[PDB]
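One structure is given below, encoded as structure tokens.
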Amino acid sequence: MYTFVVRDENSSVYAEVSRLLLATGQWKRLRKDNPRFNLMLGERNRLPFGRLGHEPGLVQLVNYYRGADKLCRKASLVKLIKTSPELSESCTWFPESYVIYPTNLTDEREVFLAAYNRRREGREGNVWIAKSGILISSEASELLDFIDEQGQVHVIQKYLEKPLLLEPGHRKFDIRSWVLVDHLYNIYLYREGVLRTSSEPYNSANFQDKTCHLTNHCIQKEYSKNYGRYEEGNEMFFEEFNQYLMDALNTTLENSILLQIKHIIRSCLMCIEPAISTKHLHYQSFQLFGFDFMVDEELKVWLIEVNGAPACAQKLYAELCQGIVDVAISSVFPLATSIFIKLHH
Amino acid sequence: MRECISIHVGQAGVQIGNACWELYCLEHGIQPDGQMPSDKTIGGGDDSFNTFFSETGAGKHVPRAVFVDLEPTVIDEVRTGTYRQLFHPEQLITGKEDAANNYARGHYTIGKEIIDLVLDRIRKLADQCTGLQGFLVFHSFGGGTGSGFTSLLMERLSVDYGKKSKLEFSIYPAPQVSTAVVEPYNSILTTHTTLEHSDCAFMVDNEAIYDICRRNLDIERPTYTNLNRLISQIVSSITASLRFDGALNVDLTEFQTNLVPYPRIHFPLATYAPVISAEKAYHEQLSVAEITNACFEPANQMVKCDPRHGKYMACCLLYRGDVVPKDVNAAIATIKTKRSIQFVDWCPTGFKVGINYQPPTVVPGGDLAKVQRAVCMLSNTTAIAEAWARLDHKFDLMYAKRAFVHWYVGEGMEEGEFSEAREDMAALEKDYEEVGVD
Amino acid sequence: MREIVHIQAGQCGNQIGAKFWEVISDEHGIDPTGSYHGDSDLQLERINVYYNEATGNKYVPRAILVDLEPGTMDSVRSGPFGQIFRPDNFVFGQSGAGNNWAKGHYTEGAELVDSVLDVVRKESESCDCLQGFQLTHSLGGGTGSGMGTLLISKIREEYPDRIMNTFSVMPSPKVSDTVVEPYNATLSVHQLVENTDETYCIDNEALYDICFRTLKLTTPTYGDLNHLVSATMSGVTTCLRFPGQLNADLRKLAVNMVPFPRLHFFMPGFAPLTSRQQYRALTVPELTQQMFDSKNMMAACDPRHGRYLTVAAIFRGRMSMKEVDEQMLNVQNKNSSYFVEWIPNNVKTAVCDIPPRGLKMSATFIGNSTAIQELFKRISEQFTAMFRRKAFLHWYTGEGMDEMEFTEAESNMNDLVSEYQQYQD
Amino acid sequence: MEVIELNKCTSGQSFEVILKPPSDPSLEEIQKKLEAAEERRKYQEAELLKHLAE
Ligand SMILES: Nc1nc2c(ncn2[C@@H]2O[C@H](COP(=O)(O)OP(=O)(O)OP(=O)(O)O)[C@@H](O)[C@H]2O)c(=O)[nH]1
Ligand SMILES: Nc1ncnc2c1ncn2[C@@H]1O[C@H](COP(=O)(O)OP(=O)(O)CP(=O)(O)O)[C@@H](O)[C@H]1O
Ligand SMILES: Nc1nc2c(ncn2[C@@H]2O[C@H](COP(=O)(O)OP(=O)(O)O)[C@@H](O)[C@H]2O)c(=O)[nH]1
Ligand SMILES: [Ca+2]
Ligand SMILES: [Ca+2]
Ligand SMILES: [Ca+2]
Ligand SMILES: [Mg+2]
Ligand SMILES: [Mg+2]
Ligand SMILES: [Mg+2]
């Protein structure tokens, strides 16, 4: 009879895992402060890793990798890619990015301006985006002034002015991929991904109305007037997307996009493996990651960000959460056609 | 030559002391009767080993050590044991009844009535030293004597020997080999009143020693004898620079200068390798690179914690055996490219290295195998704060209900000392976070 | 040389005490004449904890036999090990206490207490370092209950810093001698809450149920019940009588078992308990399951009705000490809702190689559970049923007691129940 | 990767490798603590003996 505790009540994902664990009749839930647990579904912030793996007779597991924030923080990811030889500053699948601190506080203000002026002089497209509340502009003066008005670190990266547009609609989109890393550091990619599409036509002559540039489900369902027109909830799944790529582009999702995604997932996770692996550690870690990608008109895949506490598409909670129990939990606490793709090392 | 006086307080300190001097004698060729054939200067001499051993006219080499326990059971083992002849009776001090795992009982009640006697005996050893460096204090966190009486003894030593260095070897409590539920109280109480009096303290978590014995030595249920022989190997590696000719950590002051840039953060993490079982019929000897690499594995640290998520302030490599500098640097280069070693910005990113050609000595019939080379790494990592967090957490659970507090108050301690000692630990935790995290 | 002074008072106290000395004398190789005839040095290692050493290498128990009538103590002096007890340590009167707490505490007992304390002082004066005292008595009668608690009060006055430890037999209507047992028990508990550091609560009902349902004794007797208490007393004092620093000190056990001064009432337990399939080997898992089973406990309190503040477990015999830890951790980790989470690592396990007579291995259980409140709830109910009608009070008012003294004792015991209840939540 | 302060002797050698540069209570006061605690113990015991005498 295995035991576990829950320390993030707002997690839709592990709320389902917690619901499935009890359904097996072989798992018991303890108060969130009881230390005699086998499994911790811990908080997002200030997870007390230092108190794990010190209970005699209990093999303890946790659903977060200590140190993964280096990958899931906007500023950290920029620094990690530039300073890691495994990724190098010449990394081809990540938009040119710079870490910029507000003047009221190293910083790459001058380094950014140099690349900016280079584009302004070369007649090239010089439209960047700021984020940490987002601002898209082609003038460097606006981007820096918007950051100083705030009080937190910001990141300015090149805005993909040539995004791949679905048809009909002439609309942008981003791809979300769920990746699970188990205690042995096998990298599993969920066979099911989602496209978060913009229900508005892409217009490169007006970065003021951010509803056709930002594909967030929250911005589309609140500020967009064509919500749920082409697909239910501005969410297209791989089956439909792949059929589209065959009809319009005579190619497959695997060849044109998925190979690049798998290569990006591998590169990021294998890079930080020495820093976060729990192989020879007194406790074990696993974690679910949400990778966000962009696709340009050349069918090149770009990495946007990595989410450490991702949610899931309502239509995919059942399959995914069960797969989290099979490969991540039951593999350490066994019970009395996999849905994942092994990209590990 | 400057002498070092060792003080062993409580059961853990005394039994660990027994293991160390057994080792020191084997290392220096001293027989149990105190004789040392290799010593050609009879009755005296200012050799390196004389920092720990004095000499009588009859050629006996006597440890510069004091054993103190509030109950006689453990020290009586020394009086009639193998090394009964090493010490004279003045060096073995015992009371009638112990502190009952109660800090306040050891510090106030019983401590007040035997503190002056211990100092007088220590004064006797001090009067035999032409240039005393300081003291090495062995004790447990959890015991009522190890915690309560040590903190009082440290206060007085700072009074009677102000310009002297004081180092600690402290046993951090571990439930797998403990039967006292109040050890979190005693640990925090003694760290509070001892913090300003210790220049450098090496914590040894029994949970770590216990697992190394089960994992590397294949001991199903390790005893105190198993644990203490391993602990004395680490202690020997740390004190070797004081007992043998050398140029690194040659006096107690160098431990602070090399390992403690900030006075409160004086708890270096110790890592030792290799630990090979003597019952192992077949063993492949590890290289300089392999044992140096093992110094960055949590499984051989004296305290389980993840230095990958802390920052280093200092780092010492103490090798014993067949090791030359060339191989050390080669292993260090390879480890920097593969390991997560982050130094604070206000510190150089380097390593002070020490090599003693004499390989580690192993007690006949002991559990450890004779290896051709070993290393002990002393690094001041902020990651060691994990041990304070765990301990402080257990303190908070019990103190929120005032559980067991009446035992301490009944011994004359004021309840406010609990919260006072707890807020100091909260500051110690904050200081670590200020130095390490960004 | 951490000596303990044993005191046994009253009928129950002396018959259970007699068997206890018979049991442990056997474990230490002491025969009925006090001569050591053992084959192991472990037997003599801590022998002076419970025995004085006389001339001719004789060992005399450090026990004081107290009673207000001669009857029971004459039986001891004529019993198996009767010759072993110091002749001077028999202190008895002739009046009796008539199962009347007031007679043992205020009138008959008061006339005899000084001479008992003269023997206690003589035994303490020859102790190199006296740990404390242990008293065996019942709470339902008059001498053990009323005079027993008078002795504790006077011992505490003369030895205020020594540990006071008792084995207290709690009355039960199912194994009752008189109807006034709740009166005598409620008055004693009032004393025990204030003046003892550790009290092992032994419910005569549990002892009966065990003899009937488990041991399959058709018609249990007091002798049959006392066999269980002897075996239990031998187990809980293993830590003290043999080499080992687990709970080796009387004061260390109190520090580790008592988080609050008033909550020092323990549920003892023992495994195995087998009916005559009596030669079968018992595996370590089996020992642990039984030792935690309510049917193996002697307070007649289901631990599942409350939570454990602290737990001490002792294992005797040659067994896999690795397997012991594994099973002790399996019990806590499989029922962690029955242990308070604000006392980390509140279960301590000790081992001893020497098993009891005729057993390859055994385990004794010492639990400080809030479930013990149900024991005081029963006593309190029976008390109030009579006291609301002032029934049988004249036996007590006739000895000079006032009804007020009954009300105060009742309130304090009810407060004790309320304190167990608040820490259970 | 630099080596400095190489010291060699018959029983061993020591050196330093730099990979990258950077960027009490008096005797009297103790007596009061102890005696203060002892007094509080004496007070608690006097109250006990007072309670017993009553
Ligand atoms: N590593 C190691 N730890 C020990 C040893 N002896 C005791 N301990 C630890 O010390 C703690 C208990 O403190 P002790 O040193 O035994 O008690 P004390 O210092 O003698 O003080 P008293 O309460 O008066 O007995 C427990 O956590 C034990 O695990 C030992 O020989 N080696
Ligand atoms: N370099 C770039 N070029 C073009 N569009 C970009 C871009 N960077 C971000 N975007 C747009 O911003 C959206 C993603 O925003 P981002 O993920 O940084 O904010 P966020 O983290 O609060 C939402 P989530 O974490 O749920 O994906 C995408 O829809 C994408 O279209
Ligand atoms: N277990 C046990 N209980 C007893 C024994 N004798 C009496 N009792 C119980 O003790 C209570 C009577 O007290 P008793 O010891 O006879 O009175 P006292 O001689 O005046 O102290 C009743 O609850 C009895 O059930 C005995 O030998 N064993
Ligand atoms: Ca000499
Ligand atoms: Ca000082
Ligand atoms: Ca009379
Ligand atoms: Mg995000
Ligand atoms: Mg001790
Ligand atoms: Mg009777």
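In the structure tokens, each chain is lettered A, B, ... as it comes, each chain's residues begin at 1, and ligands are numbered from 1 in order of appearance.
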Selection within 6 Å of ligand 8 by only C-alpha atoms and all ligand atoms, output as a list in words
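Final answer, ordered by chain and number: residues 10, 11 and 98 of chain B.
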Up to 8 Å from chain C, what residues of chain B turn up? Count only C-alpha atoms and give them as a list in words.
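Within 8 Å of chain C on chain B, we get residues 96, 97, 100, 101, 102, 175, 178, 179, 180, 181, 182, 220, 221, 394, 397, 398, 401, 403, 404, 405, 406 and 407 of chain B.
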I'd like the contact shell of residue 20 (chain D) - 8 Å cut-off, only C-alpha atoms, skipping same-chain residues fewer than 6 positions apart - returned as a PyMOL selection string.
(chain B and resi 348-350) or (chain D and resi 1)
Output the contact residues of chain A with respect to chain C at a cut-off of 10 Å, based on only C-alpha atoms, as a PyMOL selection string.
chain A and resi 1-3+28+30-31+33-38+55-58
Mind writing the picked residues with C-alpha atoms as an mmCIF file, in the first residue's frame?
```
data_model
loop_
_atom_site.group_PDB
_atom_site.id
_atom_site.type_symbol
_atom_site.label_atom_id
_atom_site.label_comp_id
_atom_site.auth_asym_id
_atom_site.auth_seq_id
_atom_site.Cartn_x
_atom_site.Cartn_y
_atom_site.Cartn_z
ATOM 1 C CA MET A 1 0.000 0.000 0.000
ATOM 2 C CA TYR A 2 1.857 3.048 -1.292
ATOM 3 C CA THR A 3 1.248 6.529 0.117
ATOM 4 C CA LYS A 28 -3.420 6.116 0.123
ATOM 5 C CA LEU A 30 -1.915 11.528 3.543
ATOM 6 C CA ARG A 31 -2.195 15.054 4.892
ATOM 7 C CA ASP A 33 2.360 17.827 5.934
ATOM 8 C CA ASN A 34 2.867 14.117 6.698
ATOM 9 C CA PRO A 35 6.487 13.136 5.897
ATOM 10 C CA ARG A 36 5.903 9.352 5.671
ATOM 11 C CA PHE A 37 5.107 9.352 1.961
ATOM 12 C CA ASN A 38 6.385 7.496 -1.082
ATOM 13 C CA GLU A 55 13.018 8.704 5.751
ATOM 14 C CA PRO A 56 14.449 5.270 6.647
ATOM 15 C CA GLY A 57 12.534 2.517 4.880
ATOM 16 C CA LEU A 58 10.756 4.765 2.352
#
```
Can you tell me which residues come within 9 Å of ligand 5 when counting only C-alpha atoms and all ligand atoms, ideally as a ChimeraX atom specification?
/B:154-155,157-159,161-166,196-199 /D:24
All residues within 8 Å of ligand 6 are required, counting only C-alpha atoms and all ligand atoms; please report them as number ranges by chain.
C: 95, 107-108, 111
Closest-contact table, chain D side, partner chain B, 7 Å, counting only C-alpha atoms, as CSV:
```
residue,atom,partner,partner_atom,distance
D:7,CA,B:247,CA,6.3
D:9,CA,B:246,CA,6.9
D:11,CA,B:357,CA,5.7
D:12,CA,B:356,CA,4.4
D:13,CA,B:355,CA,5.3
D:14,CA,B:354,CA,4.3
D:15,CA,B:353,CA,5.4
D:16,CA,B:352,CA,4.5
D:17,CA,B:351,CA,5.4
D:18,CA,B:350,CA,4.1
D:19,CA,B:350,CA,5.3
D:20,CA,B:349,CA,5.0
D:21,CA,B:348,CA,4.6
D:22,CA,B:348,CA,4.5
D:23,CA,B:345,CA,5.1
D:26,CA,B:159,CA,6.6
D:27,CA,B:159,CA,6.5
D:34,CA,B:108,CA,5.6
D:37,CA,B:412,CA,4.2
D:38,CA,B:412,CA,6.0
D:40,CA,B:412,CA,5.3
D:41,CA,B:412,CA,5.0
```
Selected residues written out with C-alpha atoms, as a PDB file, in the first residue's frame:
```
ATOM      1  CA  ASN D   7      55.921  22.472  -1.523  1.00  0.00           C
ATOM      2  CA  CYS D   9      59.062  17.093   1.433  1.00  0.00           C
ATOM      3  CA  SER D  11      56.507  12.508   3.230  1.00  0.00           C
ATOM      4  CA  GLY D  12      54.460  14.319   0.581  1.00  0.00           C
ATOM      5  CA  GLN D  13      53.801  17.535  -1.291  1.00  0.00           C
ATOM      6  CA  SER D  14      51.121  20.215  -1.446  1.00  0.00           C
ATOM      7  CA  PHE D  15      50.187  22.789  -4.073  1.00  0.00           C
ATOM      8  CA  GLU D  16      47.371  25.055  -5.239  1.00  0.00           C
ATOM      9  CA  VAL D  17      45.549  25.121  -8.582  1.00  0.00           C
ATOM     10  CA  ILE D  18      43.568  28.203  -9.640  1.00  0.00           C
ATOM     11  CA  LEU D  19      41.057  27.735 -12.459  1.00  0.00           C
ATOM     12  CA  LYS D  20      39.543  31.249 -12.485  1.00  0.00           C
ATOM     13  CA  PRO D  21      39.974  34.433 -10.411  1.00  0.00           C
ATOM     14  CA  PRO D  22      37.119  36.013  -8.421  1.00  0.00           C
ATOM     15  CA  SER D  23      34.858  38.908  -9.424  1.00  0.00           C
ATOM     16  CA  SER D  26      32.816  36.665  30.363  1.00  0.00           C
ATOM     17  CA  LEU D  27      33.593  34.234  33.167  1.00  0.00           C
ATOM     18  CA  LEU D  34      24.366  28.751  35.675  1.00  0.00           C
ATOM     19  CA  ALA D  37      19.250  28.275  36.278  1.00  0.00           C
ATOM     20  CA  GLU D  38      20.132  26.670  39.614  1.00  0.00           C
ATOM     21  CA  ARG D  40      14.974  28.489  39.230  1.00  0.00           C
ATOM     22  CA  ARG D  41      15.469  24.792  39.972  1.00  0.00           C
TER      23      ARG D  41
END
```
